[PDB]
Amino acid sequence: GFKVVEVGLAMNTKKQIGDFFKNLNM
Amino acid sequence: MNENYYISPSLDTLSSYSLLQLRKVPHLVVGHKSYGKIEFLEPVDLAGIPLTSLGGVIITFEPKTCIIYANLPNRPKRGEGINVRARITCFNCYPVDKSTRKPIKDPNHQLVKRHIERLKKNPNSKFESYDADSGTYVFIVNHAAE
Amino acid sequence: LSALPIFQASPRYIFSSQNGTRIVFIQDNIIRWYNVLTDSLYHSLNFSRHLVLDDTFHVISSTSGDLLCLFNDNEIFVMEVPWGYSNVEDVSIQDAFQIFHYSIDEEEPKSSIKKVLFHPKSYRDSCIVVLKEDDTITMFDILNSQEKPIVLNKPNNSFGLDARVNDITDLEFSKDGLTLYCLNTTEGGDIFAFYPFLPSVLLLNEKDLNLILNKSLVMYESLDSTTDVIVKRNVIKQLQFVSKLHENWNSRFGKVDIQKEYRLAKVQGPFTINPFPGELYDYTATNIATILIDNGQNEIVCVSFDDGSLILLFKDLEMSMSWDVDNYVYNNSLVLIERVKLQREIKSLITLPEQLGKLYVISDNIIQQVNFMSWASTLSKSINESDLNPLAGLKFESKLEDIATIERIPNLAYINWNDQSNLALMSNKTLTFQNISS
């Protein structure tokens, strides 16, 4: 497919969002 | 039988046993140096069994688990061969922290009390003991191959 | 309008389909179906001759609204709603609507049925997932006897802890369509997952087919040498499999056949729930639900607990498919976004496909609606726009709202009538309708 960079970016964003919520609650 | 397992009596001692007394083998113990062991509390019949299979073929250990008779069980009937009462010991069976999946080794954590209470609930394996510090879990099963 | 002919009565169920456009009503062992935009009269098909229901039976509908599944702890029935037929008289034609049957007595110690679900992505809704007291999960192909049922999470001859997943209380499909989440109780509550959990003929549109192909390519590229050998194997297998799907995908039907070999998969888990609330270690997980956040398969996993509490979770890591690997864990990661204490005994969780970010919680006498689109809408924007900033500040608090007072866990249904979406609350004794915003 093409969208590969687009998909990889989304997957990577989700990881970053994972840390956000980890370092948001005690 | 890799360096991980060990049998009692010696694989040697067992070799010299009379073709007859290789059916009344008492106090048989097979274990994995890192995972745990199984002690048969009833005489065992090792006739027709390659003494090196008890190593990691017939009796196998893995973290928190003990598997007897790899896929396709010889169908040992109760009280036959190895299908007999035994005491199984599993090392490092501590409660796990849900956000890490790591072992909780503190003897007073909420999970402890509940963990033990869970073990005592017969999952076809009668609870004998659990050491909060060791994380060692001991239980009895009436028939090894089941 | 509660003054619609199909509703007047004298076990009762009600379901809707196609954006609350088609209604299915069960009463006195008769199926009533009416298409709000197409018919002028409703129709019926009395099935007493094939099955007389008792209050012990549960009945569910396929989302497409073409099939009904009626079951109890012993047997399962699958009937086809006669959409399109008007005069179903022929005894031969009425039997045509009896599509599948199964009893546990059909097998040679028989474990009873605990729960049944249609596979969300099976072509023609031909696949039903059955969970037994066994903790065994089985997939039946409703339309093909030349298919021996597939049994996953089979019992083991192991001793010690965690041979396989035990004590499953609930099951729920991910909105991705390829994953099955399991909520077990062995240790107070944990989440496991079957990825992939495929039917014999997978429903897959072009958009979705390319999404899993691309995700598969991103992970294949993500491979390096430190990567665990077992993981590397799965990722490569995943890419090989998804590529083969792409090669046999039938675009005109948006479906693809899946060989029995690729359907035997071993459970992954337990998932990490970070950060897990300390209080909850003293309680047990009750239900699990999946709620859609946008139109790109982004979802929130919801779990119930003894303390009348709710934890809204988010999966941050991308899982890899796995078939052999025992106790495979890997990116089996969930993150806690919010906790909702309803201080009521939660008897069940329900969702209506037509409403994103909304969840119905049936407590003891209330039907509340947790609405988390306040934050969820922003959450998907940042995921899709790769911008974390918006998240800064956002208060992750869901709008709680009392929908209605009940007495018997009602049957819900979304009904779109004359530009007004509504919620039909069905119970033994009643049939209420209520306005729904959006």
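Sequence-order numbering is used: residues on each chain count from 1 as written, possibly diverging from the entry numbering, and only residues with coordinates are shown. The naming scheme follows written order: chains are lettered A onward, ligands numbered 1 onward. Here the side-chain values reflect all heavy atoms present in the structure, with hydrogen atoms and water set aside.

- Its PDB header attributes the entry to X-ray crystallography and lists the resolution as 2.60 Å.

- Looking at the PDB entry, one finds chain C named Nucleoporin NUP82 and attributed to Saccharomyces cerevisiae.

- Where the PDB entry is consulted, chain B appears under the name Nucleoporin NUP116/NSP116, with the organism given as Saccharomyces cerevisiae.

1. Let's talk about the interface of chain C and chain A
Logical step 1: The contact criterion used is simple: two residues touch if any of their non-hydrogen atoms lie within 4.5 Å. Residue-level contacts link 27 residues of chain C with 20 residues of chain A.
Logical step 2: Buried area: the sum, over both parts, of the accessible surface (1.4 Å probe) that disappears when the two are put together. Of the roughly 2,000 Å² buried between chain C and chain A, counting both surfaces, carbon and sulfur atoms make up 74%.
Logical step 3: For the chain C face of the interface with chain A, the top three residues by lost area are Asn214, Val218 and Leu388 of chain C, together amounting to 23%.
Logical step 4: Put simply, a salt bridge is a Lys or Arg side-chain nitrogen that is within 4 Å of an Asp or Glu carboxyl oxygen. Across the contact surface, chain C and chain A share 0 salt bridges.
Logical step 5: Within 3.5 Å is the distance limit for a polar contact, defined as a pair of N or O atoms, with the added protein rule that one can donate a hydrogen and the other accept it, and that residues adjacent in sequence qualify only through two side-chain atoms. Run the count over chain C and chain A and you get 3 residue pairs in polar contact.
Logical step 6: Here a strand is any run of E in DSSP of at least two residues, a helix any run of H or I of at least four, and the numbering for each starts at the N terminus. No other element matches helix α2 (residues 206–221) of chain C, which puts 7 residues into the side of chain C that touches chain A.
Logical step 7: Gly falls in the polar group here, along with every residue not listed as nonpolar (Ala, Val, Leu, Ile, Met, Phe, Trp, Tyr, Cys, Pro) or charged (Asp, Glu, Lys, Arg). Residues belonging to the side of chain C that touches chain A are distributed by class as follows: 17 nonpolar, 5 polar and 5 charged.

2. A look at the interface of chain B and chain C
Logical step 1: Listed by partner, the interface residues are 29 residues for chain B and 25 residues for chain C.
Logical step 2: Buried area between chain B and chain C, summed over both chains or domains, comes out near 2,200 Å², and the portion from carbon and sulfur atoms is 50%.
Logical step 3: Looking at the side of chain B facing chain C, the largest losses of area belong to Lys98, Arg101 and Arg114 of chain B, adding up to 36% of the total buried there.
Logical step 4: Summed over the shared surface of chain B and chain C, the number is 1 salt bridge.

3. Comments concerning the packing of helix α1 (residues 4–22) of chain A against helix α4 (residues 373–385) of chain C
How two helices pack is summed up by the angle between their axes together with the distance between the axes.
Logical step 1: Viewed as axis vectors pointing N to C, α1 of chain A and α4 of chain C meet at an angle of 135°, and their least axial separation amounts to 8 Å. Looking at the two axes, α1 of chain A sits oblique to α4 of chain C. Across the interface between the two elements, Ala10, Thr13, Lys14, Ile17 and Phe21 of chain A of α1 of chain A pack against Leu379, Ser382 and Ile383 of chain C of α4 of chain C.
Logical step 2: Grouping the amino acids of the contact of α1 of chain A with α4 of chain C by side-chain chemistry returns 5 nonpolar, 2 polar and 1 charged. A fitted line through C-alpha atoms serves as each axis, taken over the contacting stretch for helices, and the angle formed by two N-to-C directions is quoted from 0 to 180°. For classification, angles of less than 35 degrees are called roughly parallel, those exceeding 145 degrees roughly antiparallel, those between 65 and 115 degrees roughly perpendicular, and all remaining angles oblique.

4. Overview of unusual backbone geometry
Residues and elements named next belong to chain C.
Logical step 1: Here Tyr195 and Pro196 are connected by a cis peptide whose omega angle stands at 0°.
Logical step 2: Position of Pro196 among the secondary structure elements: in the loop between β16 (190–194) and β17 (201–203).
Logical step 3: Put simply, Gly269 and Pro270 share a cis peptide bond, and its omega is 0°.
Logical step 4: Within the secondary structure layout, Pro270 lies in the loop between β18 (255–257) and β19 (272–274).
Logical step 5: A positive phi angle, near 55°, is found at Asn19, a position not held by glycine.
Logical step 6: Of note, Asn19 is situated in the loop between β1 (12–17) and β2 (22–27).
Logical step 7: Each residue is placed in one exposure class: buried if its accessible area under a 1.4 Å probe, protein chains only, is under 20% of its type's maximum, exposed if it is over 50%, and partly exposed if it falls in between. According to the relative accessible area criterion, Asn19 is partly exposed, its value standing at 44%.
Logical step 8: At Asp162, a position not held by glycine, the phi torsion is positive, near 55°.

5. Quick look at α4 of chain C
Three- or four-residue spacings in an α-helix give side chains the same orientation, since the helix completes a turn every 3.6 residues.
Logical step 1: In this analysis, the expected span of each helix is defined as 1.5 Å times one less than the number of residues it contains. Given a rise of 1.5 Å per residue, 13 residues ought to cover 18 Å, and the 17 Å separating the end C-alpha atoms of α4 of chain C matches this to within 8%.
Logical step 2: Residues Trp375, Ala376, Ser377, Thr378, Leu379, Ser380, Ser382 and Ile383 of chain C constitute the buried set of α4 of chain C.
Logical step 3: Buried residues along α4 of chain C sit in contact with α1 of chain A together with β21 (299–305), β22 (309–315) and β23 (333–341) of chain C.
Logical step 4: Directly beyond the C-terminal end of α4 of chain C, a positive phi value near 45° is found at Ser386 of chain C.

6. As for the environment of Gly81 of chain B
All names here are of chain B.
Logical step 1: The residue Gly81 is located in the loop between β5 (65–68) and β6 (86–90) in this model.
Logical step 2: Expressed as a C-alpha distance, the spacing of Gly81 and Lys64, which sit 17 residues apart in the sequence, is 25 Å.
Logical step 3: Those residues in contact with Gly81, other than ones at most four positions away along the chain, are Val44 and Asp45.

7. Re α1 of chain A
Logical step 1: Along its 19 residues, α1 of chain A runs 27 Å from first to last C-alpha, staying within 8% of the 27 Å computed at 1.5 Å per residue.
Logical step 2: Listing the buried residues of α1 of chain A in full gives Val4, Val7, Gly8, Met11, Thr13, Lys14, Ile17, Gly18 and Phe21 of chain A.
Logical step 3: Here the buried face of α1 of chain A lies against α2, β22, β23 and α4 of chain C.

8. Details of the pattern of salt bridges
Logical step 1: According to the stated counting rule, one finds 22 salt bridges over all chains in the structure shown.
Logical step 2: As a salt-bridge pair, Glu39 of chain B and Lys37 of chain B come within 4.0 Å of each other at their nearest N and O atoms.

9. Here we look at the state of the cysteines
Residue and element names in this part refer to chain C.
Logical step 1: Working definition: a disulfide is two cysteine sulfur atoms within 2.5 Å of each other. Throughout the structure, instances matching the rule amount to 0 disulfides over all chains.
Logical step 2: Free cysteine: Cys182, not disulfide-bonded; nearest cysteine sulfur from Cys127 at 14 Å.
Logical step 3: Classification of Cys182 by relative accessible area gives buried; the value is 0%.
Logical step 4: Free of any disulfide, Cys302 has its nearest neighbouring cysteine sulfur in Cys182, separated by 16 Å.
Logical step 5: Residue class for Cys302 comes out buried when judged on its relative accessible area of 0%.

10. Regarding the nonpolar core
Logical step 1: Among the buried residues, those of types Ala, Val, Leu, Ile, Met, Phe, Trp, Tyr and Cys that are joined through side-chain atoms within 4.5 Å form a nonpolar core. One finds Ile191, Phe241, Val301, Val303, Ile311 and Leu313 of chain C to be the most contacted residues of the largest nonpolar core, which totals 39 residues.
Logical step 2: Looking at this core, the elements that each hand over two or more residues are β15 (180–184), β16, α2, α3 (229–248), β20 (285–292), β21, β22 and β23 of chain C.
Logical step 3: Examining the composition of this core, we find that 4 residues originate from one element, α3 of chain C, more than from any other.
Logical step 4: Among the nonpolar cores identified, the runner-up in size contains 36 residues, and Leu22, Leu51, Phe61 and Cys93 of chain B belong to it.

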